[PDB]
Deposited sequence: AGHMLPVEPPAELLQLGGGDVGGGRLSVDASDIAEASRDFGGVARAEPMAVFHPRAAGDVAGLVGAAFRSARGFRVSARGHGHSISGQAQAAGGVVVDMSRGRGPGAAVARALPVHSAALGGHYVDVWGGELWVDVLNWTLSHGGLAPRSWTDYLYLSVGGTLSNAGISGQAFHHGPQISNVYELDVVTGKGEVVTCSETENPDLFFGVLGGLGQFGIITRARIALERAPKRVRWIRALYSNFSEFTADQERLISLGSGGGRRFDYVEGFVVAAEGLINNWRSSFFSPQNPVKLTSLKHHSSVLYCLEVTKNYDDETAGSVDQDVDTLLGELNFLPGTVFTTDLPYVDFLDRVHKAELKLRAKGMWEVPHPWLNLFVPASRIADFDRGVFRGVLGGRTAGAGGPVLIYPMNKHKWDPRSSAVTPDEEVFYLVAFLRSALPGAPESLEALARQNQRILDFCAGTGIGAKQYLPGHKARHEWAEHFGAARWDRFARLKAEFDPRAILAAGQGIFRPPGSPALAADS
């Protein structure tokens, strides 16, 4: 028994996202109690004369209306199952509601056996369904793969309102389709997340580089290890400097070897001498670092501003050219940069990566000036110049969280083989194009 809402506040929240640009309004907001309610609503849309749009909304972190259902219904997804041990899988898992926020997943698993997911996002106030519809990447991805490589099973409400249990061994086409599938094939109501025994503490390290060749070579060396770091990221610093960000996870057993492990790993690096900054803190506090920054930004009215964010996966063979052309060139806010290992990404998923073993996430996490539309416009022009640069020099970059829209652009994004598979999955699972229409891939 779900609740359909026309409360102006619910409609307003469902008509906006973190991007702060796209504002397509639904007719109503649906508040489900369980998966059956979501099935009932989607089934009704599938059976309706006009076939109204239905989109699941997580924490509303989309940049360009990906969770918006124009003139349709937005499903507001955001007792709990205890983590379970499996002798067959050789480890723990936990069943979570599709709308559960990663921060709540973490608190639950830690309080029920000191367990935690292996692969994260930088920000824990994201839904499980939301990140599993993209990839879910952070400093752990190089080793454990993205969050889509750390899920055993799903319950999916298809575009026909059918509840399907899927995994690698049961309805694999739907399971792999949904993973990185941009909400196109169904709403995730359950996700079975892989867990490891959680470390208690983190040795959080930052070091500076003026030489991009040295910075990238050290990042690429670090991701090839396994003695290694548990987290590998980086960011562009305005003086242009490059910051290497690494962590070493530890507990009561490994506390006696953490100092030597860190010193041995750092001694092999080429960072600028005297630029090593170190922090020692609990695991939860490190993982929740972005939420701490959010509370400060909200206090200064600098959180609820437009975010014209651009995320690219750049092949490592083209990272050098990307730099003097972009970081020195086009740019002259936070710019993330770190490499990942493609072998940790299952090629059966809908996720789109460059055709190279090592590729970088290059994240332009820009904030427009509050109440200043011209700031958003200038930042959007900068984003287009970055795409023009990639196109003009033939960098085979792929957009992460793509905001494309044109049919030939989606064809180019996926490539022929992946596009054909994606279209066949849509015909099978959402033939009326009811689901996640805000992604702008298909029409009824």
| item | value |
| --- | --- |
| Sequence ranges without modelled C-alpha atoms (deposited numbering) | 1-22, 101-109, 258-261, 275-302, 396-402, 515-524 |
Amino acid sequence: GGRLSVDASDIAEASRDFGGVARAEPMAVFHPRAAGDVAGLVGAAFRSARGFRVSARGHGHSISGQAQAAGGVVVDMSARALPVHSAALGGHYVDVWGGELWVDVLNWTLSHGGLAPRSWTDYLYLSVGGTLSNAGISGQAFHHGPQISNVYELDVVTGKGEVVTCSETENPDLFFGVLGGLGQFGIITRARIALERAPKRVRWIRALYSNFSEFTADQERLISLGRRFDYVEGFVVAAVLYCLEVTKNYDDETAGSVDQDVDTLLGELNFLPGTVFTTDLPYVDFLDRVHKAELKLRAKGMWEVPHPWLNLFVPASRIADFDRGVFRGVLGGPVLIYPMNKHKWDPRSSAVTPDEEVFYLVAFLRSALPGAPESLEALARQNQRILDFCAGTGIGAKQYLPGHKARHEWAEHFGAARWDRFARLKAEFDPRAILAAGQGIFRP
From here on, numbers count along this sequence of modelled residues.
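If you superpose the two forms and keep the largest set of C-alpha atoms that fall within 1.5 Å, you have the rigid core.
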property: In 8 other deposited structures of this protein, rigid core aligned: more displaced of 202-210 and 333-341 by C-alpha RMS; result: 333-341
property: Unmodelled in at least a third of other entries of this protein, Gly177; result: no
property: Third-or-more of other entries without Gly226; result: yes
property: Higher-B stretch (mean Cα B-factor, as the entry records it), 242-250 or 291-299; result: 291-299
property: 282-290 versus 83-91 - greater average Cα B-factor per the deposited record; result: 83-91
property: Top Cα B factor in the deposited entry, candidates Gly226, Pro315, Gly186, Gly177; result: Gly226
property: Residue with maximal Cα B-factor (values as given in the PDB entry) among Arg47, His413, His61, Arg385; result: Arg47
property: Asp430 - which third its CA temperature factor falls in, relative to the rest of the chain; result: middle
property: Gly40 CA temperature factor, ranked by third within the chain; result: highest
property: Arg418 by Cα B-factor - lowest, middle or highest third of the modelled chain; result: middle
property: Position of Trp102 among the chain's modelled residues by C-alpha B-factor, lowest, middle or highest third; result: lowest
property: Record-listed C-alpha B factor of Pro306: chain third; result: middle
